[PDB]
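K.L.:
Here the sequence shown stands for residues 1 to 163, 231 to 403, 426 to 532, numbered as in PDB author numbering.
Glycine included, C-beta positions come from ideal geometry on N, C-alpha and C.
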Amino acid sequence: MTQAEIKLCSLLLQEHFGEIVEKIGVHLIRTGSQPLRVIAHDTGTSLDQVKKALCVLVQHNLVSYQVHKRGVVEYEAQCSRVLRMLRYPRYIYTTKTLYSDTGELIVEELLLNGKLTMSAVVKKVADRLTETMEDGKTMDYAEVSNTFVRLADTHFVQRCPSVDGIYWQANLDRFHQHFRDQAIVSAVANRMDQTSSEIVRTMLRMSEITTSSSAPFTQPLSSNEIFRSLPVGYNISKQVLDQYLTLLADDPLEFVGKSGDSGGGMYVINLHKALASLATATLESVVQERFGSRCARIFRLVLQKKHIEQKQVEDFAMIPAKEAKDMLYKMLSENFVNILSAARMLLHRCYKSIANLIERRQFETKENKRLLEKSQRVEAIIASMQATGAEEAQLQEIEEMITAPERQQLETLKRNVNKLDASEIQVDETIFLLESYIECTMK
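1) From this set, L239, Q310, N146 and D231, which residue's C-alpha is nearest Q158's C-alpha?
2) My guess is that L28 and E76 are in contact by the Cβ rule of under 8 Å, so how many angstroms apart are they, rounded?
3) DSSP on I106, reduced to helix/strand/coil?
4) Between the segment 95-106 and the segment 135-151, do at least 3 Cβ pairs fall closer than 8 Å?
5) Can you give the Cα-Cα distance for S145 and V122, rounded to whole angstroms?
6) Rounded to whole angstroms, what is the Cα-Cα separation between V252 and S162?
7) Counting beta carbon pairs with one atom in the segment 279-291 and one in the segment 317-333, are three or more of them shorter than 8 Å?
8) For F294, collect the residues of the same chain with a Cβ closer than 7 Å to its Cβ; drop the 5 residues on either side in sequence, then sort them by chain order.
9) What do you reckon, are the CB atoms on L86 and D517 nearer than 9 Å?
10) How many angstroms separate the CA atom of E513 from the CA atom of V354?
11) For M133, I'd like the list of residues in its chain whose CB is within less than 8 Å of its CB, leaving aside the five on either flank, ordered along the chain.
12) Report back the beta-carbon spacing between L116 and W235 to the nearest angstrom; my notes put them in contact at under 8 Å.
13) Would you check if the distance between the CB atom of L110 and the CB atom of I447 is smaller than 9 Å?
14) For the candidate residues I375, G232, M385 and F284, whose alpha-carbon lies nearest to that of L395?
15) If I measure Cβ to Cβ from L368 and keep anything under 7 Å in the same chain, skipping five residues before and after, which residues do I get?
16) Say whether the segment 18-37 touches the segment 464-476, bearing in mind that this needs 3 or more beta-carbon pairs closer than 8 Å, one atom from each stretch.
17) Mind checking whether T2 and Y526 have CB atoms under 9 Å apart?
18) Under 6 Å Cβ to Cβ from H60, same chain only, skipping five residues before and after it: list those, please.
19) Within the same chain, show all residues whose beta-carbon is closer than 7 Å to that of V73, passing over the 5 residues directly before and after it, in chain order.
20) Tell me whether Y141 sits in a helix, a strand or coil according to DSSP, three-state version.
21) Count the C-beta pairs between the segment 442-460 and the segment 498-511 that are closer than 8 Å, then say yes if the count reaches three, no if not.
22) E486: which of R466, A476, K373 and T45 sits nearest, CA to CA?
23) Could you check where the alpha helix (DSSP H) with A431 kicks off and where it finishes?
24) Would you decide whether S264 is buried or exposed? Buried here means 16 or more other CB atoms lie within 10 Å of its CB.
25) Under 9 Å between the Cβ atoms of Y141 and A126?
26) Which residues in the same chain as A53 place their Cβ atom closer than 6 Å to its Cβ, once the five residues preceding and following it in sequence are excluded?
27) Quick one: grab the DSSP three-state call for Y65.
28) What's the C-alpha gap between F284 and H339?
29) Based on Cα-Cα distance, which residue from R81, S400 and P89 lies nearest to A511?
30) In this structure, how does DSSP classify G25 when only helix, strand and coil are distinguished?
31) Just to confirm the assignment: which complete beta strand (DSSP E) runs, minimum length 3, are found wholly within the segment 277-349?
32) Between the alpha carbons of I386 and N427, how many angstroms are there, rounded?
33) Quick check on the DSSP output: the beta strand (DSSP E) that includes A237 runs from which residue to which?
34) Could you check what DSSP says for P161 in three-state terms: helix, strand or coil?
35) For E76, report the span of its beta strand (DSSP E) as first-last.
36) When DSSP labels each residue in this structure, what does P494 get in the three-state scheme?
Laid out in C-alpha coordinates, this is it:
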(Lines of atoms letter the chains of each structure in order from A and count residues from 1; the text may use other names and numbers.)
(Lines give C-alpha, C1' and ligand atoms only; values in the text may rest on other atoms or scores of the structure.)
Protein backbone atom coordinates (compact mmCIF):
# COMPACT_ATOMS: atom_id res chain seq x y z
CA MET A 1 0.00 0.00 0.00
CA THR A 2 2.47 0.57 1.87
CA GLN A 3 1.99 0.16 5.65
CA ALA A 4 3.58 3.56 6.34
CA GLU A 5 1.32 5.09 3.63
CA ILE A 6 -1.75 3.87 5.59
CA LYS A 7 -0.32 4.83 9.02
CA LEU A 8 0.44 8.30 7.60
CA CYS A 9 -3.11 8.73 6.21
CA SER A 10 -4.50 7.84 9.68
CA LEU A 11 -2.35 10.41 11.45
CA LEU A 12 -3.41 13.02 8.83
CA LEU A 13 -7.15 12.64 9.35
CA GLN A 14 -6.64 12.43 13.08
CA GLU A 15 -4.91 15.82 13.16
CA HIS A 16 -7.47 17.57 11.00
CA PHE A 17 -10.92 16.19 11.93
CA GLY A 18 -10.97 13.56 14.68
CA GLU A 19 -11.06 9.83 15.66
CA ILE A 20 -14.37 9.37 13.68
CA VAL A 21 -12.96 10.39 10.28
CA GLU A 22 -9.75 8.40 10.97
CA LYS A 23 -11.40 5.05 11.90
CA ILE A 24 -13.66 5.04 8.80
CA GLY A 25 -11.03 6.52 6.49
CA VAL A 26 -8.62 3.76 7.58
CA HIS A 27 -11.39 1.23 6.86
CA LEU A 28 -12.13 2.72 3.37
CA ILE A 29 -8.46 2.29 2.43
CA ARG A 30 -8.14 -1.13 4.13
CA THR A 31 -11.24 -2.66 2.48
CA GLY A 32 -11.50 -0.68 -0.82
CA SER A 33 -15.08 0.04 -2.06
CA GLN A 34 -17.88 -0.41 0.55
CA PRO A 35 -21.53 0.68 1.21
CA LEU A 36 -22.51 2.78 4.32
CA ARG A 37 -23.89 -0.40 6.01
CA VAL A 38 -20.91 -2.81 5.64
CA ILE A 39 -18.72 0.05 6.99
CA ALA A 40 -21.02 0.51 10.01
CA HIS A 41 -20.92 -3.26 10.54
CA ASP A 42 -17.25 -4.22 10.17
CA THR A 43 -16.14 -1.16 12.19
CA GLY A 44 -18.45 -1.98 15.11
CA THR A 45 -19.65 1.65 14.79
CA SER A 46 -23.22 2.93 14.29
CA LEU A 47 -24.54 4.43 10.99
CA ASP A 48 -24.90 8.10 12.20
CA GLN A 49 -21.23 8.11 13.42
CA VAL A 50 -20.32 6.60 9.99
CA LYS A 51 -22.42 9.29 8.17
CA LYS A 52 -20.72 12.17 10.13
CA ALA A 53 -17.22 10.86 9.28
CA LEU A 54 -18.07 10.57 5.52
CA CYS A 55 -19.31 14.21 5.59
CA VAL A 56 -15.89 15.70 6.48
CA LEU A 57 -14.34 13.18 4.05
CA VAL A 58 -16.12 14.05 0.75
CA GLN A 59 -16.77 17.76 1.55
CA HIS A 60 -13.00 18.10 1.82
CA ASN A 61 -12.82 16.32 -1.64
CA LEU A 62 -11.09 13.03 -0.55
CA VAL A 63 -13.58 10.10 -0.40
CA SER A 64 -15.42 8.89 -3.48
CA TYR A 65 -18.92 7.47 -3.69
CA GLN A 66 -20.41 5.43 -6.51
CA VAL A 67 -23.60 3.41 -6.89
CA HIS A 68 -22.45 -0.22 -7.32
CA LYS A 69 -24.15 -3.39 -8.72
CA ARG A 70 -27.46 -3.64 -6.72
CA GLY A 71 -28.03 0.14 -6.65
CA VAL A 72 -26.13 0.37 -3.34
CA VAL A 73 -24.31 3.61 -2.51
CA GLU A 74 -20.75 2.36 -2.06
CA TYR A 75 -17.88 4.44 -0.68
CA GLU A 76 -14.11 4.55 -1.16
CA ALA A 77 -10.94 6.35 -0.11
CA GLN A 78 -8.02 7.31 -2.41
CA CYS A 79 -4.54 7.08 -0.77
CA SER A 80 -2.63 9.65 -2.92
CA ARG A 81 -5.42 12.18 -2.32
CA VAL A 82 -4.92 11.74 1.44
CA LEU A 83 -1.17 12.35 1.22
CA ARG A 84 -1.60 15.59 -0.70
CA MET A 85 -2.72 17.08 2.66
CA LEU A 86 1.04 17.30 3.31
CA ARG A 87 2.01 19.77 0.54
CA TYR A 88 -1.07 21.81 1.52
CA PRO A 89 0.94 24.58 3.32
CA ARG A 90 3.56 24.93 0.59
CA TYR A 91 0.74 25.09 -1.97
CA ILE A 92 -0.69 27.91 0.17
CA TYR A 93 2.48 29.91 0.75
CA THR A 94 3.54 29.81 -2.90
CA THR A 95 0.12 31.22 -3.67
CA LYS A 96 0.79 33.95 -1.04
CA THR A 97 3.99 34.57 -2.92
CA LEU A 98 2.46 34.81 -6.42
CA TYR A 99 -0.94 36.57 -6.02
CA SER A 100 -0.38 38.25 -2.66
CA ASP A 101 -2.12 37.58 0.66
CA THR A 102 -5.47 38.06 -1.06
CA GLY A 103 -4.64 34.85 -2.97
CA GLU A 104 -3.17 33.26 0.23
CA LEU A 105 -6.58 33.40 1.87
CA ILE A 106 -8.63 32.26 -1.14
CA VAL A 107 -6.75 28.98 -1.33
CA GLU A 108 -6.47 28.75 2.48
CA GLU A 109 -10.17 28.02 2.88
CA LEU A 110 -10.76 26.16 -0.47
CA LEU A 111 -8.83 23.21 1.01
CA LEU A 112 -9.81 23.44 4.68
CA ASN A 113 -13.56 23.80 3.85
CA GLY A 114 -12.94 21.83 0.61
CA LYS A 115 -15.87 22.41 -1.77
CA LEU A 116 -16.92 26.13 -1.78
CA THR A 117 -18.64 28.20 -4.53
CA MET A 118 -17.03 31.37 -6.04
CA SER A 119 -19.13 33.96 -4.11
CA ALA A 120 -18.89 32.21 -0.68
CA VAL A 121 -15.08 32.36 -0.88
CA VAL A 122 -15.03 35.95 -2.22
CA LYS A 123 -17.01 37.48 0.61
CA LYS A 124 -15.55 35.06 3.23
CA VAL A 125 -12.10 36.43 2.46
CA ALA A 126 -13.10 40.11 1.82
CA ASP A 127 -14.41 40.29 5.44
CA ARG A 128 -11.47 38.09 6.60
CA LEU A 129 -9.36 40.86 5.03
CA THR A 130 -11.44 43.81 6.29
CA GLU A 131 -10.72 42.58 9.83
CA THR A 132 -7.01 42.88 8.99
CA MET A 133 -7.31 46.21 7.08
CA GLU A 134 -6.66 49.42 9.05
CA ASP A 135 -10.14 50.04 10.56
CA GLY A 136 -12.02 51.00 7.39
CA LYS A 137 -11.35 51.38 3.63
CA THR A 138 -12.75 47.78 3.51
CA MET A 139 -11.80 45.06 1.14
CA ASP A 140 -13.44 45.63 -2.16
CA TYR A 141 -14.77 42.23 -3.26
CA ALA A 142 -13.45 43.03 -6.79
CA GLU A 143 -9.70 42.65 -6.21
CA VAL A 144 -10.42 39.40 -4.33
CA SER A 145 -12.47 38.22 -7.31
CA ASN A 146 -9.76 39.34 -9.80
CA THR A 147 -7.12 37.15 -8.12
CA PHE A 148 -9.74 34.37 -8.05
CA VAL A 149 -10.39 34.67 -11.82
CA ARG A 150 -6.62 34.86 -12.40
CA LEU A 151 -6.36 31.56 -10.56
CA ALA A 152 -9.07 29.95 -12.73
CA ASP A 153 -7.22 31.28 -15.83
CA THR A 154 -3.81 29.91 -14.88
CA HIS A 155 -5.78 26.68 -13.96
CA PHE A 156 -4.64 26.95 -10.33
CA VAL A 157 -8.39 26.90 -9.60
CA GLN A 158 -10.89 24.68 -11.47
CA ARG A 159 -14.56 23.62 -11.18
CA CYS A 160 -16.16 20.69 -9.39
CA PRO A 161 -17.76 18.57 -12.14
CA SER A 162 -20.94 16.36 -12.10
CA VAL A 163 -21.59 12.53 -11.63
CA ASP A 164 -25.18 31.66 -6.57
CA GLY A 165 -22.84 28.63 -6.98
CA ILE A 166 -21.73 26.10 -7.75
CA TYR A 167 -18.57 24.50 -6.14
CA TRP A 168 -14.89 25.08 -7.03
CA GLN A 169 -11.64 23.42 -5.91
CA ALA A 170 -7.79 23.39 -5.89
CA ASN A 171 -5.96 22.15 -8.98
CA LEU A 172 -2.88 20.76 -7.26
CA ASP A 173 -1.96 19.30 -10.72
CA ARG A 174 -0.95 22.73 -12.08
CA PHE A 175 0.79 23.14 -8.74
CA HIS A 176 2.72 19.93 -9.52
CA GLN A 177 3.26 21.55 -12.90
CA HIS A 178 4.77 24.60 -11.21
CA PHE A 179 6.83 22.75 -8.62
CA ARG A 180 8.12 20.48 -11.32
CA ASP A 181 8.80 23.74 -13.28
CA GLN A 182 10.62 25.52 -10.42
CA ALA A 183 12.66 22.47 -9.26
CA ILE A 184 13.84 22.29 -12.83
CA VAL A 185 14.56 26.04 -13.34
CA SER A 186 16.59 26.20 -10.12
CA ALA A 187 18.47 22.96 -11.02
CA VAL A 188 19.72 24.75 -14.12
CA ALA A 189 20.42 27.85 -12.02
CA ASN A 190 22.79 25.85 -9.78
CA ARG A 191 24.19 23.48 -12.45
CA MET A 192 24.62 26.31 -15.06
CA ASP A 193 23.54 29.98 -14.46
CA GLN A 194 20.63 32.46 -13.98
CA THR A 195 20.31 33.40 -17.63
CA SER A 196 20.00 29.73 -18.67
CA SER A 197 17.37 29.02 -16.03
CA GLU A 198 15.41 32.09 -17.23
CA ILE A 199 15.28 30.53 -20.71
CA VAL A 200 13.92 27.38 -19.05
CA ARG A 201 11.26 29.40 -17.23
CA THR A 202 10.37 30.89 -20.67
CA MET A 203 10.09 27.29 -22.10
CA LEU A 204 7.98 25.95 -19.24
CA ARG A 205 5.78 29.09 -19.40
CA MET A 206 4.85 28.14 -22.99
CA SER A 207 4.77 24.45 -21.95
CA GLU A 208 2.33 24.98 -18.98
CA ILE A 209 -0.80 24.21 -21.09
CA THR A 210 0.28 22.23 -24.19
CA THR A 211 2.07 19.63 -21.98
CA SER A 212 1.31 17.43 -18.96
CA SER A 213 2.71 17.11 -15.35
CA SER A 214 3.86 13.52 -16.16
CA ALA A 215 4.90 13.82 -19.85
CA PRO A 216 8.51 12.59 -20.34
CA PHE A 217 9.26 15.39 -22.88
CA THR A 218 7.54 18.68 -23.83
CA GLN A 219 6.51 20.08 -27.25
CA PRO A 220 9.06 21.27 -29.90
CA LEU A 221 9.64 25.06 -29.93
CA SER A 222 11.79 27.21 -32.29
CA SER A 223 14.57 29.59 -31.30
CA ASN A 224 12.71 32.56 -32.95
CA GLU A 225 9.36 32.34 -31.07
CA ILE A 226 11.26 31.65 -27.81
CA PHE A 227 13.30 34.78 -28.59
CA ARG A 228 9.85 36.34 -29.09
CA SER A 229 8.39 35.13 -25.76
CA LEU A 230 11.42 36.68 -23.97
CA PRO A 231 10.88 38.34 -20.59
CA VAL A 232 11.06 42.19 -20.39
CA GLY A 233 13.93 42.15 -17.86
CA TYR A 234 16.13 40.50 -20.51
CA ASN A 235 17.44 42.34 -23.51
CA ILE A 236 19.33 39.36 -24.87
CA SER A 237 20.38 38.97 -28.53
CA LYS A 238 19.52 36.27 -31.02
CA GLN A 239 23.08 34.97 -31.49
CA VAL A 240 23.35 35.09 -27.70
CA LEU A 241 20.22 32.98 -27.52
CA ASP A 242 21.76 30.63 -30.18
CA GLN A 243 25.13 29.89 -28.51
CA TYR A 244 23.08 29.44 -25.36
CA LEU A 245 20.67 26.99 -26.95
CA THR A 246 23.34 24.86 -28.64
CA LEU A 247 25.08 24.79 -25.26
CA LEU A 248 21.90 23.76 -23.40
CA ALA A 249 21.01 20.88 -25.71
CA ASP A 250 24.57 19.53 -26.04
CA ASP A 251 25.10 19.49 -22.24
CA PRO A 252 26.34 16.22 -20.52
CA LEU A 253 23.61 16.82 -17.88
CA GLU A 254 21.01 17.14 -20.71
CA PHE A 255 17.77 18.44 -19.35
CA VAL A 256 17.10 19.87 -22.87
CA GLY A 257 17.68 18.33 -26.33
CA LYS A 258 17.35 19.46 -30.01
CA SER A 259 14.51 18.04 -32.14
CA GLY A 260 14.88 19.54 -35.62
CA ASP A 261 16.75 22.56 -37.03
CA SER A 262 14.92 23.70 -39.27
CA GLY A 263 14.95 27.37 -38.12
CA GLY A 264 16.27 28.73 -35.99
CA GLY A 265 16.46 25.24 -34.51
CA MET A 266 13.61 23.09 -33.14
CA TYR A 267 14.13 22.48 -29.40
CA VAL A 268 12.72 20.23 -26.60
CA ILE A 269 12.97 19.90 -22.78
CA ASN A 270 13.81 16.41 -21.44
CA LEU A 271 11.43 16.13 -18.44
CA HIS A 272 12.26 12.47 -17.82
CA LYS A 273 16.04 12.99 -17.94
CA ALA A 274 15.67 16.13 -15.76
CA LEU A 275 13.67 14.27 -13.04
CA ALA A 276 16.03 11.28 -12.94
CA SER A 277 19.05 13.62 -12.42
CA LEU A 278 17.17 15.44 -9.66
CA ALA A 279 16.47 12.21 -7.79
CA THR A 280 20.10 11.12 -8.39
CA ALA A 281 21.49 14.20 -6.68
CA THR A 282 19.06 13.57 -3.73
CA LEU A 283 20.56 10.13 -3.40
CA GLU A 284 24.05 11.63 -3.41
CA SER A 285 23.11 13.90 -0.46
CA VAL A 286 21.66 10.83 1.37
CA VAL A 287 24.80 8.78 0.89
CA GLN A 288 26.65 11.84 2.20
CA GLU A 289 24.06 11.92 5.01
CA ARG A 290 24.50 8.45 6.50
CA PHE A 291 27.61 7.03 4.83
CA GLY A 292 29.22 10.46 4.47
CA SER A 293 31.43 12.27 1.95
CA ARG A 294 33.71 9.24 1.72
CA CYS A 295 30.93 6.90 0.52
CA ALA A 296 29.21 9.80 -1.35
CA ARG A 297 32.32 10.50 -3.41
CA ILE A 298 32.59 6.81 -4.27
CA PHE A 299 28.83 6.80 -4.94
CA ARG A 300 29.40 9.68 -7.40
CA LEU A 301 31.88 7.37 -9.17
CA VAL A 302 29.09 4.68 -9.28
CA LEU A 303 27.22 7.08 -11.62
CA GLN A 304 29.53 6.21 -14.58
CA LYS A 305 29.07 2.33 -14.81
CA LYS A 306 28.39 -0.45 -12.02
CA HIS A 307 26.93 -1.94 -9.48
CA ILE A 308 28.76 -5.27 -10.06
CA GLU A 309 31.67 -6.05 -10.37
CA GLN A 310 34.46 -4.81 -7.96
CA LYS A 311 37.43 -5.14 -10.43
CA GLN A 312 36.78 -1.52 -11.54
CA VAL A 313 35.44 -0.42 -8.11
CA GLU A 314 38.65 -0.74 -5.98
CA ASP A 315 40.55 0.49 -9.03
CA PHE A 316 38.59 3.74 -9.57
CA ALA A 317 38.27 4.01 -5.74
CA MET A 318 41.91 5.08 -4.99
CA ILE A 319 42.02 3.28 -1.60
CA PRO A 320 43.01 -0.24 -0.28
CA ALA A 321 41.02 -3.38 -1.29
CA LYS A 322 39.32 -4.33 2.03
CA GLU A 323 37.93 -0.77 2.26
CA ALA A 324 36.44 -0.83 -1.29
CA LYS A 325 34.88 -4.22 -0.44
CA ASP A 326 33.12 -2.94 2.74
CA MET A 327 31.65 0.23 1.15
CA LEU A 328 30.56 -1.75 -1.99
CA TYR A 329 28.59 -4.04 0.40
CA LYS A 330 27.04 -1.03 2.29
CA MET A 331 25.73 0.61 -0.89
CA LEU A 332 24.08 -2.48 -2.39
CA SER A 333 23.16 -3.43 1.30
CA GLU A 334 20.14 -1.14 1.46
CA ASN A 335 19.80 -1.26 -2.38
CA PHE A 336 21.61 1.73 -3.78
CA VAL A 337 22.91 1.31 -9.69
CA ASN A 338 19.18 0.77 -10.04
CA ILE A 339 17.50 4.19 -10.51
CA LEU A 340 13.69 3.79 -10.21
CA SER A 341 14.05 0.84 -7.85
CA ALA A 342 16.06 2.73 -5.19
CA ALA A 343 13.73 5.69 -5.80
CA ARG A 344 10.59 3.73 -4.74
CA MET A 345 12.51 2.26 -1.78
CA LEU A 346 13.60 5.71 -0.67
CA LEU A 347 9.95 6.84 -1.03
CA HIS A 348 8.84 4.38 1.61
CA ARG A 349 11.75 5.39 3.91
CA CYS A 350 10.32 8.94 3.63
CA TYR A 351 6.86 7.85 4.81
CA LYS A 352 8.50 6.06 7.72
CA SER A 353 10.49 9.16 8.85
CA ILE A 354 7.28 11.19 8.64
CA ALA A 355 5.46 8.76 10.94
CA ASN A 356 8.26 9.39 13.48
CA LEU A 357 7.86 13.17 13.12
CA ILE A 358 4.12 13.33 13.72
CA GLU A 359 4.49 10.73 16.52
CA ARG A 360 6.91 13.01 18.42
CA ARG A 361 4.89 16.19 17.78
CA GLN A 362 1.64 14.49 18.85
CA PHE A 363 3.26 12.99 21.96
CA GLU A 364 5.06 16.21 22.96
CA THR A 365 1.73 18.12 23.17
CA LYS A 366 0.20 14.93 24.67
CA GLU A 367 2.44 14.40 27.74
CA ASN A 368 2.92 18.20 28.01
CA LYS A 369 -0.88 18.79 28.02
CA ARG A 370 -0.72 19.99 31.66
CA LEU A 371 1.43 23.05 30.77
CA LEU A 372 -0.57 24.10 27.68
CA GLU A 373 -3.47 25.66 29.66
CA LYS A 374 -1.22 26.89 32.54
CA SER A 375 0.41 29.11 29.89
CA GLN A 376 -3.03 30.13 28.52
CA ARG A 377 -4.28 31.47 31.88
CA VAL A 378 -0.99 33.36 32.42
CA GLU A 379 -1.71 35.29 29.26
CA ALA A 380 -5.40 35.76 30.23
CA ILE A 381 -4.12 37.67 33.35
CA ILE A 382 -2.36 40.47 31.42
CA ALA A 383 -5.59 40.62 29.24
CA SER A 384 -7.22 42.75 31.98
CA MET A 385 -3.90 44.23 33.22
CA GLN A 386 -1.83 46.15 30.51
CA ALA A 387 -4.83 48.46 30.12
CA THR A 388 -6.71 48.06 33.49
CA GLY A 389 -4.29 47.98 36.49
CA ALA A 390 -0.96 47.80 34.57
CA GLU A 391 0.47 46.45 37.87
CA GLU A 392 4.16 45.43 37.51
CA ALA A 393 4.04 43.45 40.81
CA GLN A 394 1.06 41.49 39.34
CA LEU A 395 3.33 40.81 36.36
CA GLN A 396 6.00 39.44 38.79
CA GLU A 397 3.33 37.21 40.38
CA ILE A 398 2.61 35.94 36.85
CA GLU A 399 6.40 35.35 36.57
CA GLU A 400 6.43 33.44 39.90
CA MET A 401 3.66 31.04 38.73
CA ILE A 402 5.73 29.77 35.78
CA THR A 403 8.80 28.50 37.65
CA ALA A 404 12.08 28.10 35.77
CA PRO A 405 11.86 24.42 34.59
CA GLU A 406 8.26 24.54 33.35
CA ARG A 407 9.05 27.42 31.07
CA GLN A 408 12.46 25.96 30.07
CA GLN A 409 10.47 22.88 29.06
CA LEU A 410 8.01 25.09 27.11
CA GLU A 411 11.05 26.35 25.18
CA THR A 412 12.47 22.83 24.89
CA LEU A 413 9.15 21.46 23.57
CA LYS A 414 8.56 24.46 21.33
CA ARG A 415 12.05 24.03 19.82
CA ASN A 416 11.39 20.32 19.39
CA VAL A 417 8.04 21.17 17.75
CA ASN A 418 10.21 23.20 15.31
CA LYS A 419 12.91 20.52 14.60
CA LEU A 420 9.91 18.43 13.55
CA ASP A 421 7.95 21.10 11.59
CA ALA A 422 11.09 21.87 9.53
CA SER A 423 12.15 18.29 8.86
CA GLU A 424 8.48 17.77 7.86
CA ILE A 425 8.67 20.48 5.15
CA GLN A 426 12.02 19.19 3.84
CA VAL A 427 10.65 15.66 3.41
CA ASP A 428 7.58 17.07 1.69
CA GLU A 429 9.57 18.63 -1.15
CA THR A 430 11.59 15.42 -1.37
CA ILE A 431 8.36 13.37 -1.69
CA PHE A 432 6.97 15.59 -4.41
CA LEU A 433 10.12 14.85 -6.42
CA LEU A 434 10.16 11.09 -5.92
CA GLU A 435 6.46 10.62 -6.67
CA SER A 436 6.78 12.92 -9.69
CA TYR A 437 9.60 10.71 -11.00
CA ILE A 438 7.55 7.58 -10.24
CA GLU A 439 4.66 9.01 -12.25
CA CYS A 440 7.13 10.21 -14.94
CA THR A 441 8.36 6.62 -15.39
CA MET A 442 4.71 5.85 -16.12
CA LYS A 443 4.89 6.18 -19.92
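P.N.:
Put simply:
1) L239
2) 6 Å
3) helix
4) yes
5) 6 Å
6) Cα to Cα, the separation comes out at about 37 Å.
7) yes
8) Here the set comprises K305 and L308.
9) yes
10) 20 Å
11) Spatial neighbours of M133 in its own chain (CB-CB distance under 8 Å, excluding positions within 5 residues in sequence) are listed in chain order as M139.
12) 7 Å
13) no
14) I375
15) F383
16) no
17) no
18) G114
19) Sequence-distant Cβ neighbours of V73 in its own chain, meaning closer than 7 Å and more than five residues away, are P35, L36, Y65 and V67.
20) helix
21) yes
22) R466
23) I428 to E456
24) Buried.
25) yes
26) Same-chain partners within the cutoff: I20, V21 and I24.
27) strand
28) Computed Cα separation, rounded: 7 Å.
29) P89
30) The answer is helix: DSSP assigns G25 an H, G or I state.
31) Complete beta strand (DSSP E) runs here, min 3: 323-325 and 333-336.
32) If I take the Cα positions, the gap works out to 24 Å.
33) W235 to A237
34) coil
35) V72 to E76
36) helix
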